[PDB]
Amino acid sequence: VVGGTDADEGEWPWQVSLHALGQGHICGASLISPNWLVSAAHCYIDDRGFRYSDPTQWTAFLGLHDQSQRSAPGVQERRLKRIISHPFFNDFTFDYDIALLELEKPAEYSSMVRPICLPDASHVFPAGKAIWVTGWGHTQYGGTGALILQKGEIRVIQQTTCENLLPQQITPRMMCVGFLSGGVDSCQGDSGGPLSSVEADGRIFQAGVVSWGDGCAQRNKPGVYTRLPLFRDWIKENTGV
């Protein structure tokens, strides 16, 4: 996250860190039930050096604050049983950039570990609404990951404006969130984490999944996120949640 601040300990108890064995933190995810996470499909694609698609290659840390303190009280370590990447994902366009991760043993709910609420299929997160991005990604483009979980406040951008900022790249699964003036944005290593939106009684709902961007925090280049209401039924069908 560029332009953000340190989160308070336990402020985002649905935020999860996904480590690939031997490589440290790669992506984020969100806790949605005792057994399931939501993340981004693009994080789980094999390359010639490493099989990112193989669930046995990963560790999820729940309740984490600081990447240098992964055994702190309240942090839970879990392996993955399965990675379900959306069947329509493609790694060229990044359309359908969403995956479901099945924990190998359930999470234990606590003050540090709590699921995010999922929005119904019909719910609209309106243009202009302030929402939050969180993660351990880079704090400047090309820069370094944060040890401490970061948060940043960003606003939903109108879809036609988003399309025109990133021509021939924005599908209806995507939404731009940020500022035309730049300054606050997601960045490398934030992918897969949740957008958190404060709803009408103060409960937080997941608005989207950190997906991609052109650079980070640049003028006229807000980050791109996968919309969540579109996938509510797909989540139910694949997870029972």
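Throughout, we count residues from 1 along the sequence that is shown.
Chemist: Between 137 to 145 and 154 to 162, point out the one with the higher average CA B-factor as the PDB entry records it.
Modeler: The recorded data point to 137 to 145.
Chemist: Should the higher mean CA B-factor in the entry be assigned to 36 to 44 or to 50 to 58?
Modeler: Per the PDB entry, the higher value belongs to 50 to 58.
Chemist: For the listed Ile116, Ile98, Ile170, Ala121, which has the peak Cα B-factor recorded in the PDB entry?
Modeler: Highest C-alpha B-factor among the listed residues goes to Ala121.
Chemist: Looking at the entry's B-factor column for C-alpha atoms only, identify whether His25 ranks in the lowest, middle or highest third of its chain.
Modeler: As the PDB entry reports it, the C-alpha B-factor of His25 lands in the middle third of its chain.
Chemist: Split the chain's modelled residues into thirds by Cα B-factor; is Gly208 in the lowest, middle or highest one?
Modeler: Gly208: CA B-factor falls in the middle third of its chain.
Chemist: By the recorded C-alpha temperature factor, relative to the other modelled residues in its chain, which third is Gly193 in?
Modeler: Lowest third.
Chemist: Against its chain's modelled residues, does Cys187's Cα B factor rank lowest, middle or highest third?
Modeler: Middle third by C-alpha B-factor.
Chemist: Would you please rank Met175 by its C-alpha temperature factor against the other modelled residues of its chain and give the third it falls in: lowest, middle or highest?
Modeler: Its C-alpha B-factor, which the entry lists for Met175, ranks in the middle third among residues of this chain.
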